[PDB]
C-alpha cells in the first residue's frame, strides 16, 4: 500500500536517487569549494500513484577534493581538526520510474 517502507543502498533505484541528491547538494545547496560525500545514510521509499518517493537522512562530510576535480566519491574525508565540516540533511525525492524523471520535492539541511 501507499505505506513508507525502509530500504538500504543495495537497490539500484535507491542508489540512483541518492546519487541525484548528492549531486544537487554539491552543486546547488552546499557552497563550499570542496566536494562532500555521505558518511551515513538512512533510506525509505513509498509507492504512490504516478511514481515513487525516496526519503533520505544523510550526514555529509567534507572531502579533500574540490568540486571541479575528477574521479570523486573515493575522495578521503578531511579528518583535520578544525577543517572537518559535516552536515545533516533529509531529502524527499520523487521519481517516475518508466520516464527517467526525478526531482527533489523538499530538503532540510543543518550543520552538525
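Residue numbers count along the first chain shown, from 1.
Averaged over CA atoms, B-factors in the entry run higher in 70-78 than in the other of 70-78 and 23-31.
Look at the C-alpha B-factors of 80-88 and of 53-61. On average they run higher in 80-88.
The deposited CA B-factor of residue 103 belongs to the middle third of values across its chain. Sort the modelled residues of the chain by CA B factor and residue 94 lands in the middle third. Placement of the Cα temperature factor of residue 10 within the chain: highest third of the modelled residues, per the deposited record.
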